[PDB]
Every structure is written in C-alpha cells, then in structure tokens.
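Below sits a lone chain in structure tokens, taken as the form deposited in one PDB entry.
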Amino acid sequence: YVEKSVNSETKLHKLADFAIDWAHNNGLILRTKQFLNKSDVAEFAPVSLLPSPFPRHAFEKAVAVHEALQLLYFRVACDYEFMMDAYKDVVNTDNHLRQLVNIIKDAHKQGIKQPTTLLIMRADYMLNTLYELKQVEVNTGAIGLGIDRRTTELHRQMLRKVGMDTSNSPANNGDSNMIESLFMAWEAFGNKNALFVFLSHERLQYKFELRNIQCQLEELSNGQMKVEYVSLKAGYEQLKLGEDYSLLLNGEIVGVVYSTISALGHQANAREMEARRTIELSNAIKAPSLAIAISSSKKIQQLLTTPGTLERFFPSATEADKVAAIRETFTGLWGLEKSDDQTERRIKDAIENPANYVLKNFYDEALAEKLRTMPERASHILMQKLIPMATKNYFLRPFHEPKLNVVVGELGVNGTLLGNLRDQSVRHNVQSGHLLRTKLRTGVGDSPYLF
C-alpha cells in the first residue's frame, strides 16, 4: 500500500516535509549526533513515512502474552538460586558479569532493605514466514515510550494525508502507564521530600524524552516531587549509603532510581560499579533492580526454553494457559551440550534439511558439514532459521533523501510490573505501548498498520 499511496516525487516531498515539521512540533525529536551533551539543537527522530503493514493476529498474540511474560521474568528475578545457578560458569570468564553478580550476592546477604521494585519490559518479536510470531529478545534493563506514541500519532496524520483508514492503527499509550508506574513507585517509598533520580548518561539522544517524564511526574505530584539526574561516574562522588541504608544524593534521601544505563550493555569502570553497588544496597525503590535487569540475559532466555523450565515458574495447573501462550512464541533452540533424544534427532533433521536451521554463523551446506564432523559441541547452539516478512516503505532520516526500499521489522511490546521481592506478590502488571523497529532487508522507528 505504501508504494501505491505515494504516486510521485512531488507528493513524497510534500508528505515528508509535513511529517518532519509535525515531528518537531510534537516532540518526536532527539539530540543531534554532533551535540549529544546539549539540547540547543534537536533533530527529528528517524521514522518510516507511513506505518508498515503487520498482521492483526500476530499483534494481538504479542500483546495478549505480555503480562504473563512480565510475571515470568519477575519470578526469575526473585529466584536467587536459579539465577546463581544460571551464571555459575560465565562469571569465571566475564569480569563485568562477575561484578554484577557479586553486587546481587552482597544485597542478598544483608537482607532486602527495599521489597518494592518496578520491572519495565520490552519484548521483541519477528514474523517468521518459513506468518508465525517468534520472540527474539527480552529487555528488562534500560528502557523511548513517548517517542513510540508520537510515531503512532504521526502515522495517523500521514494515513489521513493519503486517504487511508486510521482505525487499523492501534492505540499506543505506553508512556502514560510508565509515568503512572514511576509515580506509584515514588508514592510507595512514603516520603514526599525523597528525590526521584534519573540514573542516566550525560551523552544521550533521548534527553528530551526524559524531560517529558520529569514534567509529567512534577504535574502528578503537584510540584512536590524533586527530580534529579546523575550518571554512575558522577554518582561515585555524589551517592552514599546512609547509616539507616538511605540512598543519599549530595546528602538528600533518594526514593526512586529510574535507570537508563544498561546493566548488561554498559561496560562500567570500577567507580561506576561501586556507585551501582551503593544504589543496590540502599532502601531506594529501583526501577529496575539489578536482579531484574540481568534476569533477561541471552543465557536465561535460552534456559527458559528448555523442557520443564517454564513450569518451574508456573507450577500451578491454573497457570497452564500462560505456559502454553509463552511457549508457542519461542524460537526453536537446541543447545548441543545436551545429548538427549530431542537434540539428537534435531541434529539429524538439520543435516538432512539444513535450509531450515542456523548453527552459531553456519548456513545450508556448511551447517550440514559442520554437524557431520564436529566433535566442540558444548559451545555451539542450533536454532530454527527465521525469515522475516518483507514489505516496502520510505525512511525519514535527517538530511537523507527518502527512497522506496524493501524493509523488514521487529515488533516491540512494552509494559510495567510493580512487585514485592520478599513474598513475590504483584500489585500492578500491565501491558501498555508498542513499536515497530524497521530496517533495510539500527533502522528507524515505525508503527503497525494491522491487516
């Protein structure tokens, strides 16, 4: 439909020019690459011109499973023994992970000072044509929900400009749930003079998004919430543990620490690591806690696909629907350290039908040859090959002429969960917000047009 809708270069440029102005007028913006430390100039956030086609059934399935998925990862994060078991080996050959695990060990040894925590999740999916919905990533660490909403809103404007029906563009209000969840977390701390802290880099494209969150939180609190920004580097000097286990930022009590510095992604130096430790040992409500953040590493994602493992976290028969709904979104994955029957027959099928698999990258005849003659097995993993649905769209990026390209995407589904780490109870578990991230076959922001 995108190619049919845009029938000339004149129309393309009128549409793009409207879109770019709309983006700036409505906060669909980022700091520039030249000045990631300054807000004096902004550029529009890179987006598709129109919302990419996406099947309704796959979308509704991804949305429907999300709350169950958040409950799963919350329970994983609460299961100290499972997490320590999952990390036993990789800690000995990854110093960064070792330090993070040691902070969780220190926090657990001293007893949980703050039971309330806020999980924030984006689950990523792709549409396999070799359509079926397949989970490809879970992110519980540093999570642009305002940008996603504004992208949906831009796309409705653009749909009207080409005479298309906007009812197939689904509602996208993830930022409202986020703000409410963060406000609820701050109220739960029980001190109206306690700070709300954005743990964040000095260099960041998304500063405008964070400021929007600040303004909304200040409005919700009727001006009572004091908001501050600090990095882990600056935090080494400015953050301290009080004698009552309060987190003190330059001597003032911190009620909530909302992190946009990825626990797994950011290679922190020794000082940054100590600042992280100070935060984790404090009684501040963490959004998210470190355990929540590392509950969704690739290792744990893989472990959760093994036989019987979902059932450990959903032991009751009343939750069998949640198990089935999550499992049917799993990508086929078979670690070759195991020599059980299901893995062995899988190896044989991959040798005979190598076009259907990937070995980790080996493909087709090379994959088959490697499986035939590899002794080496424990480090390799066999997976189902995924072929994404292709469509066509125009990308808007600052100073790039828009062109029609063949594109593929991933669906992101967002939500929050507010829970108690001591008894594993859940006060709030909501799916809200989504996005498409679209690339040529980093890519651009996008939103679904349901069919």
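One rule holds for the numbers: they count along the sequence shown, beginning at 1.
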Note how many residues of the deposited chain are left out of the model between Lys360 and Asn361; the options are none, 1 to 3, 4 to 9, and 10 or more. 4 to 9
How many residues sit between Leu130 and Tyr131 in the deposited sequence but have no coordinates: none, 1 to 3, 4 to 9, or 10 or more? 4 to 9
So 290-298 or 79-87, which one's hotter by mean CA B-factor in the entry? 79-87
Taking the deposited Cα B-factors and averaging over 23-31 and over 414-422, the higher mean is found in 414-422
Highest Cα B-factor in the deposition, which of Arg149, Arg156, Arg327, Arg346? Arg346
In terms of CA temperature factor as recorded, identify the highest of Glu209, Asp175, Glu137, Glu272. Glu272
Taking the entry's C-alpha B-factors for this chain, is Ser169 in the lowest, middle or highest third? lowest
Lowest, middle or highest third: where is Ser5 by Cα B-factor in its chain? middle
Lowest, middle or highest third of the chain for the C-alpha temperature factor of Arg122? lowest
Sorting the chain's modelled residues by C-alpha B-factor and splitting them into thirds places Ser181 in the lowest
According to the PDB entry, is the CA B factor of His201 in the bottom, middle or top third of its chain, that is, lowest, middle or highest? middle
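Keep in mind that the form deposited in another entry is missing from the display, and what follows is about it.
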One rigid part pivots relative to another between the shown form and the other one; at which of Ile253, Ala368, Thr331, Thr309 is the hinge? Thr331
Specify closer or farther for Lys348 and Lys299: how their Cα atoms are spaced in the other entry versus the shown form, given a shift of 3 angstroms or more. closer
How does the CA gap of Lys299 and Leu367 change in the other entry versus this form, closer or farther, if it moves 3 angstroms or more? closer
